[PDB]
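Chains as they are written, first to last, in the entry's author numbering: chain E, 322 to 535; chain A, 215 to 311, 321 to 636.
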């Protein structure tokens, strides 16, 4: 068994809807789910007090009442978030073992600064969901990605773009001076539906230039 | 998906017995049965019987109170066994091969739409106001009405989620799956009786996703507006089992004029979450069809008029003027065409109206292609030839007119 005692953040994320995709403002909006999990021998829920294996908590209770012992918790931030994150449930479960599992279903607006409009309307793009820790890696790191459900939902609900391939991958980033924090970069690569562009722009053009020929 | 099972039992009194049995009703492989306490610590083994097909199990209560949880282990079995059935025989005092001895906590969900505020087309979402009622017996939170000169006490949001979580017994959380943005919750009030009957309803405003928007049939299109409401917790804790219609699902006065509801659907499902864990989903679906009374009087009536003009010009045969008129009628067409506004998001497909419109425009220009030809003839001569085709066209024009309609009837219906 492993004698360096571990606290290690397991991050999972999943997109389930692409609500909005702005072009002018170069942002886009997705609904999703984000799950963090980590063993703490602490918060050791002996099930003599509770006739149960598992107890759970939501937002105001966790951030306040779990901070009653003043042991640390792995904070996190959507780096390239614009505006607000519309958090529907922020529920967090714990085992006697002391296995923390926090997932949060969310609504977000995200920046896409890697919009190349040159290839238009034949253009591909990168939609990213970069999710850092707020705390440094003196405290917490995500090391292992769990795919807790499929990253790209069957029913995204957007018709101008469709996703080609996804990418989930961890990096470590400088913060402050000489301090590094993990970043769970969750990137969709996308290509544009040209069927609109062919039928309402291209054939008309062909027709009009055909007239000049004839 | 559900490859393991539990049942939280009733509180056994001191020195009271317990009997349990599993039998494969659907010729399925043999399961492991066990009894455990309310926590993890286990009490017994469901042994494989003398016959060799039944899982016999026994235990008697020695502690001050016995909180019991029967396990049915389903991991050494048929791989992805779509159907595996079992008959679970459980009882307290009589060893035999009135009231219900599996302790129940069971979420009763009711929902009702009262307004369809907004219906976006481009973004493919829509907004409704409603009410959602959850109810469940917990012998716990047992409100003895000696403290309160009353039968019932109630709580609103900040008090329930915080102060009801003071005892740290669990509560059935829930989420609108296909919610976009925020849920505008007006009152989140929850009632309880001494009995320990939980009554939570919440009036809400929501924006919901409709990824099942087919724009092809447009403007003759029907759609599905859904309100999928999951639990956040798994079914180790809570399940909705029974739907109560606490008021009529579709309000008389929805307040929307472009669509009206055809039929509704309320129905429970169970959905995978995490790995190997299932949570209930209260799918409450409105089926909808479009009011075309707008579409008939501002799109279709005019179209008919404009194409009628192309028809009637063939009557005239003063060919210069005929052509002038036809050309003019086509010119209007352009104006009209860009007038009709479709609020549809830019779309991969042609819809119905897009197809009829494109057929209208082009041959309307074919009527102009014919006026030229006739005028030319008339000028050089063979004027009767021009008149022949005039009659010729009038016959054929409105039937290709008609079959085209019947053509798309078929493909689009």
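Beta carbons are placed, not taken as given, at the ideal position from N, Cα and C, and that holds for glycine.
Residue range 482-496 is occupied by the beta strand (DSSP E) that includes residue 483(A). DSSP, read as helix, strand or coil, puts residue 606(A) in helix.
Within chain E, no C-beta atom comes less than 9 Å from the C-beta of residue 520(A); the nearest is roughly 26 Å away. Counted as a single uninterrupted DSSP element, the beta strand (DSSP E) harbouring residue 256(A) occupies residues 256-262.
Here residue 239(A) is exposed: its Cβ has fewer than 16 other Cβ atoms, across all protein chains shown, within 10 Å. Taking the beta carbon of residue 573(A) as reference, the chain E residues within 8 Å of it are 520, listed in sequence order. In this structure, the CA atom of residue 372(E) is about 30 Å from the CA atom of residue 467(E).
Assigned with DSSP and collapsed to three states, residue 353(A) falls in strand.
Under the 10 Å beta carbon count, residue 340(E) is surrounded by 16 or more other beta carbons and is classified as buried. For residue 338(A), the enclosing beta strand (DSSP E) stretches over residues 331-342. What residue 426(E) touches in chain A, judged by beta-carbon distance under 7 Å, is 398, going in chain order. Closest in alpha carbon position to residue 347(A), among 462(A), 325(A), 402(A), is 402(A). In the DSSP assignment, residue 398(A) falls within the unbroken beta strand (DSSP E) covering 397-399. Here the C-alpha atom of residue 400(A) lies approximately 6 Å from the C-alpha atom of residue 453(A). Going by C-alpha positions, residue 388(A) is about 13 Å away from residue 412(E). Pairwise C-beta distances place the region 227-234 of chain A in contact with the region 265-278 of chain A, as three or more of them are shorter than 8 Å.
The three-state secondary structure of residue 572(A), taken from DSSP, is coil. Under the three-state reduction of DSSP, residue 423(A) is assigned to strand. Residue 262(A) and residue 488(A) have their C-alpha atoms spaced approximately 45 Å apart. Judged by beta-carbon spacing, residue 304(A) lies beyond the 9 Å limit of residue 359(A), meaning their Cβ atoms are not closer than that value. Straight across, the Cα-Cα distance linking residue 460(A) with residue 571(A) is about 44 Å.
Nearest neighbour of residue 328(E) by Cα position, chosen from 368(E), 362(E), 448(E), 512(E), turns out to be 362(E).
Within the same chain, and ignoring the five residues on either side of residue 515(E) in sequence, the residues whose Cβ sits closer than 8 Å to its Cβ are 442, 443. A residue is called buried once 16 or more other Cβ atoms fall within 10 Å of its Cβ, and residue 611(A), having fewer, is exposed. Secondary structure at residue 270(A): strand, using DSSP grouped into helix, strand and coil.
Going by beta carbons, residue 456(E) and residue 393(E) fall inside the 9 Å limit. Taken in chain order, the members of the region 362-376 of chain E whose beta-carbon sits within less than 9 Å of a beta-carbon on chain A are 367, 368, 369, 370, 371, 372, 373, 374, 375, 376. Between residue 510(A) and residue 471(A), the gap from beta carbon to beta carbon reaches 9 Å or more. For residue 448(E), no chain A residue has a Cβ inside 8 Å of its Cβ, as the nearest lies near 17 Å away.
Residue state for residue 596(A) is assigned as helix, using DSSP reduced to three classes. The DSSP assignment places complete beta strand (DSSP E) segments of no fewer than 3 residues inside the region 425-468 of chain E at 445-448, 451-454, in order along the chain. For residue 456(A), the C-beta contacts it makes with chain E under 9 Å involve 377, 412, 414, in order along the chain. When beta bridges are read from the DSSP output, residue 234(A) appears opposite 271(A), 304(A). Chain A has a Cβ within less than 9 Å of the Cβ of residue 469(E).
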